[PDB]
Amino acid sequence: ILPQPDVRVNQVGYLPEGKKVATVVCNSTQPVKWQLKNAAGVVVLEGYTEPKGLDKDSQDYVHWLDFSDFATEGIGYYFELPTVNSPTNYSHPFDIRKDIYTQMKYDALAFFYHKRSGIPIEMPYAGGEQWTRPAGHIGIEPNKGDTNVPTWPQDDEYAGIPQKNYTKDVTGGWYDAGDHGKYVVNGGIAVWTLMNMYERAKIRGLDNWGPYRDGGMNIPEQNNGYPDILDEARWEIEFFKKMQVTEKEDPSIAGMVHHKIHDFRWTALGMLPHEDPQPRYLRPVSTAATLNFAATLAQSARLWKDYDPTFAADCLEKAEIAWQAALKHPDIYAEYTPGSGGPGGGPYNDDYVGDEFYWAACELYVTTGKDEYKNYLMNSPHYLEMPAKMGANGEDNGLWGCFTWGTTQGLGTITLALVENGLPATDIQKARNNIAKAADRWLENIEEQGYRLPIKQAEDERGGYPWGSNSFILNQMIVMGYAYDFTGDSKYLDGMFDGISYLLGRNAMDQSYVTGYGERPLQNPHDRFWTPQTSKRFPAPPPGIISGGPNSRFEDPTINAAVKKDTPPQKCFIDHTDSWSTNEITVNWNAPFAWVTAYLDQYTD
């Protein structure tokens, strides 16, 4: 157990230019002297702290330490509080350099390669022999999928809506999280996010840079003439098209999309995808999945249109089919199912799809320019909307943030604000203004927080921090990036600097929530393969993977036993492999993590 330093910093470091604020846990009501020293112990800067009081989310008494003006590049800087009476009167060492995020952005995206179903994970792409593994779910005994996956047994207590009996080849796609399920909802926002960072880069003339170019990523498709990040996105998109119901399968719902596919029952940690012995089944279609599908294939179609016209035309054709089917079946919801004794995959339930309809309409209008989509989106209650705090999926009501896997209207709005389209110039300006307005609210949240994070406690019942609290911050930072793009006002960039600092160890746990980075790196994510705590035969996880973070709803036995019930929300976390409610890793959390790290590294250059 590494000591928690009084001076909490970004445990990797800072770009030379930008806001640099540490949070100091300190009982003194008055300012205290601080010193910044280089690796040789020489004082290079000094000042006094700014007493803030008792911080609500952490119940720590804190000061701020602002050293934003310091820009001298160096390795192994550290703070000391010479007059403070404590055994931890310092900070961890950190760097000031331009390449803080240069490798992290690639690590973030490599998560998706590691999570690929339907293909062996091999060197040199795996990045280490210990992360190598056989193909997952290509119908080879242990596995009962995914070449011939039947629809869910209609016998099952939580089977959901009636389905016809047929089978599908649904190989490929990504595993969603620490489990072996593949989900169209959640997969949707994740792949949308990878394609969006690419689209933004192309629009800003950066598609010749980083992961956006052919050969930009350490993947098998790295020399195929296509942008590597689109190759990775395409892996999920190919899976999505397999999930669409055909006329031959069920004429009554043809064009609708299966919500998810996974184990009949939940498996235990300490197993690789190829070892999974569970029967594999298709969950029923959902309107939300169908629309996730329509939105992303529509986006896919405009981005591939010149690289691979055939693939692109097929993406569009299938997307418009999905849209029309959704319109005839607007009320098929993925229902809640219990996590114990039930279907062996997350429910991703949502009983409202007005946002997905708007999102899909946005992507389809920008891709095709057709009136039907324009008319739909302009008459939506979400037209031009960018939430600063959500009111959408029930679970998101009163949650600080702009969008999630199930509250998706903001995704459509981003596309409208970014990509050239035929809406009235003033409407597009409104969307961009709404984005700045939301970002502004979050900048105020940062100033109201001891640990300078852009969320605040949920304004729902239970309050506190929600499951995957870190991903809300990440999605907020995407929109801050857009606010910076549209206004050129560097305060928005500084908001991202504050947010990433929180994620990289300037928090009430002194925890870097990213594997492979920081002095207290994330070591024990909930994952079936990368789980040394289950058995030391299994490997530590690859770097650049972000944990869901603090969740004060006490939603797994491990966190329940590890911390008291009155634990402050920002401390409701444990870096333990069995804590799924506090320490999982996912496609929809690593996707915005990749978005944000690539953005910061681009800013660095």
# chains A, B, ... in the order shown; residues from 1 in each chain; ligands from 1

call {"tool": "closest_atom_pairs", "arguments": {"of": "stretch 7-99 of chain A", "to": "stretch 547-571 of chain A", "cutoff": "9 Å", "atoms": "only C-alpha atoms", "output": "tab-separated table"}}
result
residue	atom	partner	partner_atom	distance
A:56	CA	A:568	CA	7.9
A:57	CA	A:570	CA	5.5
A:58	CA	A:568	CA	5.2
A:59	CA	A:568	CA	6.4

call {"tool": "residues_around", "arguments": {"residues": "residue A:594", "least_positions_apart": "5", "cutoff": "8 Å", "atoms": "only C-alpha atoms", "output": "PyMOL selection string"}}
result
chain A and resi 105-106+108-109+194

call {"tool": "residues_around", "arguments": {"residues": "residue A:517", "least_positions_apart": "4", "cutoff": "8 Å", "atoms": "only C-alpha atoms", "output": "MDAnalysis selection string"}}
result
chainID A and resid 11:12 504 512 521:522 543:544

call {"tool": "select_by_dssp", "arguments": {"residues": "stretch 63-100 of chain A", "states": "strand (DSSP E)", "output": "VMD selection string"}}
result
chain A and resid 63 to 66 74 to 80 94 to 96

call {"tool": "closest_residue", "arguments": {"among": "A:184, A:332, A:245, A:191", "to": "residue A:259", "atoms": "only C-alpha atoms"}}
result
A:184

call {"tool": "select_by_dssp", "arguments": {"residues": "stretch 177-412 of chain A", "states": "alpha helix (DSSP H)", "output": "PyMOL selection string"}}
result
chain A and resi 184-203+228-243+287-304+309-328+354-368+371-378+409-412

call {"tool": "atom_distance", "arguments": {"atom1": "atom CA of residue A:391", "atom2": "atom CA of residue A:599"}}
result
28.0 Å

call {"tool": "residues_around", "arguments": {"residues": "residue A:228", "least_positions_apart": "6", "cutoff": "10 Å", "atoms": "only C-alpha atoms", "output": "list in words"}}
result
residues 198, 210, 211, 212, 213, 214, 215, 216, 217, 218, 219, 220, 221, 222 and 234 of chain A

call {"tool": "write_last_selection", "arguments": {"atoms": "C-alpha atoms", "output": "short mmCIF file (atom, residue, chain, number, x, y, z; two decimals), in the first residue's frame"}}
result
data_model
loop_
_atom_site.label_atom_id
_atom_site.label_comp_id
_atom_site.auth_asym_id
_atom_site.auth_seq_id
_atom_site.Cartn_x
_atom_site.Cartn_y
_atom_site.Cartn_z
CA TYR A 198 -11.73 10.19 -36.74
CA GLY A 210 -1.63 9.44 -35.07
CA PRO A 211 -4.13 6.57 -35.14
CA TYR A 212 -6.17 8.20 -37.92
CA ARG A 213 -3.87 7.06 -40.72
CA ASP A 214 -3.18 3.70 -42.30
CA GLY A 215 -0.33 2.24 -40.25
CA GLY A 216 -1.15 4.51 -37.33
CA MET A 217 -2.09 1.64 -34.99
CA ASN A 218 -0.47 -1.69 -34.03
CA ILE A 219 -3.19 -3.86 -35.58
CA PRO A 220 -3.37 -6.50 -38.36
CA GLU A 221 -4.97 -4.00 -40.77
CA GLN A 222 -2.08 -1.53 -40.35
CA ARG A 234 -15.21 -1.57 -38.89
#

call {"tool": "closest_residue", "arguments": {"among": "A:310, A:345, A:30, A:123", "to": "residue A:183", "atoms": "only C-alpha atoms"}}
result
A:345

call {"tool": "closest_residue", "arguments": {"among": "A:130, A:349, A:85, A:154", "to": "residue A:530", "atoms": "only C-alpha atoms"}}
result
A:130

call {"tool": "residues_around", "arguments": {"residues": "residue A:102", "least_positions_apart": "2", "cutoff": "9 Å", "atoms": "only C-alpha atoms", "output": "ChimeraX atom specification"}}
result
/A:98-100,104-106,210,597-598,600-602,604

call {"tool": "residues_around", "arguments": {"residues": "stretch 22-24 of chain A", "least_positions_apart": "3", "cutoff": "8 Å", "atoms": "only C-alpha atoms", "output": "PyMOL selection string"}}
result
chain A and resi 6-10+62-66+450-451+506-507

call {"tool": "closest_residue", "arguments": {"among": "A:382, A:437, A:462, A:526", "to": "residue A:395", "atoms": "only C-alpha atoms"}}
result
A:462

call {"tool": "closest_atom_pairs", "arguments": {"of": "stretch 199-273 of chain A", "to": "stretch 312-325 of chain A", "cutoff": "7 Å", "atoms": "only C-alpha atoms", "output": "JSON lines"}}
result
{"residue": "A:253", "atom": "CA", "partner": "A:325", "partner_atom": "CA", "distance": 6.9}
{"residue": "A:254", "atom": "CA", "partner": "A:325", "partner_atom": "CA", "distance": 7.0}
{"residue": "A:255", "atom": "CA", "partner": "A:322", "partner_atom": "CA", "distance": 4.8}
{"residue": "A:256", "atom": "CA", "partner": "A:325", "partner_atom": "CA", "distance": 5.7}

call {"tool": "write_last_selection", "arguments": {"atoms": "N, CA and C atoms", "output": "PDB file, in the first residue's frame"}}
result
ATOM      1  N   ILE A 253     -40.339  -8.587 -38.148  1.00  0.00           N
ATOM      2  CA  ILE A 253     -39.413  -7.622 -37.560  1.00  0.00           C
ATOM      3  C   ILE A 253     -38.125  -7.475 -38.368  1.00  0.00           C
ATOM      4  N   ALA A 254     -38.160  -7.866 -39.643  1.00  0.00           N
ATOM      5  CA  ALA A 254     -37.007  -7.710 -40.539  1.00  0.00           C
ATOM      6  C   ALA A 254     -36.466  -6.284 -40.507  1.00  0.00           C
ATOM      7  N   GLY A 255     -35.148  -6.158 -40.367  1.00  0.00           N
ATOM      8  CA  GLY A 255     -34.500  -4.865 -40.278  1.00  0.00           C
ATOM      9  C   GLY A 255     -34.278  -4.412 -38.850  1.00  0.00           C
ATOM     10  N   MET A 256     -35.004  -4.995 -37.898  1.00  0.00           N
ATOM     11  CA  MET A 256     -34.748  -4.730 -36.483  1.00  0.00           C
ATOM     12  C   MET A 256     -33.422  -5.407 -36.106  1.00  0.00           C
TER      13      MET A 256
END

call {"tool": "residues_around", "arguments": {"residues": "stretch 366-379 of chain A", "least_positions_apart": "6", "cutoff": "9 Å", "atoms": "only C-alpha atoms", "output": "MDAnalysis selection string"}}
result
chainID A and resid 298:299 301:303 316 357:360 415:416 419:423

call {"tool": "write_last_selection", "arguments": {"atoms": "C-alpha atoms", "output": "PDB file, in the first residue's frame"}}
result
ATOM      1  CA  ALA A 298     -24.961   5.871 -41.367  1.00  0.00           C
ATOM      2  CA  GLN A 299     -21.816   7.451 -39.903  1.00  0.00           C
ATOM      3  CA  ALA A 301     -21.227   5.006 -44.648  1.00  0.00           C
ATOM      4  CA  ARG A 302     -20.127   8.623 -45.059  1.00  0.00           C
ATOM      5  CA  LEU A 303     -16.647   7.940 -43.621  1.00  0.00           C
ATOM      6  CA  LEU A 316     -26.152   2.977 -45.768  1.00  0.00           C
ATOM      7  CA  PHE A 357     -34.506   8.221 -32.935  1.00  0.00           C
ATOM      8  CA  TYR A 358     -33.094  11.768 -32.936  1.00  0.00           C
ATOM      9  CA  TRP A 359     -29.504  10.534 -32.953  1.00  0.00           C
ATOM     10  CA  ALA A 360     -30.158   8.158 -35.868  1.00  0.00           C
ATOM     11  CA  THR A 415     -22.673  15.452 -35.476  1.00  0.00           C
ATOM     12  CA  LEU A 416     -24.922  18.397 -36.418  1.00  0.00           C
ATOM     13  CA  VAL A 419     -20.229  18.021 -39.875  1.00  0.00           C
ATOM     14  CA  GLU A 420     -21.352  20.275 -42.716  1.00  0.00           C
ATOM     15  CA  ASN A 421     -25.051  19.864 -43.409  1.00  0.00           C
ATOM     16  CA  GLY A 422     -28.124  21.574 -44.827  1.00  0.00           C
ATOM     17  CA  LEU A 423     -29.714  22.860 -41.611  1.00  0.00           C
TER      18      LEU A 423
END

call {"tool": "closest_residue", "arguments": {"among": "A:179, A:38, A:28, A:576", "to": "residue A:52", "atoms": "only C-alpha atoms"}}
result
A:28

call {"tool": "closest_residue", "arguments": {"among": "A:399, A:283, A:511, A:92", "to": "residue A:456", "atoms": "only C-alpha atoms"}}
result
A:399
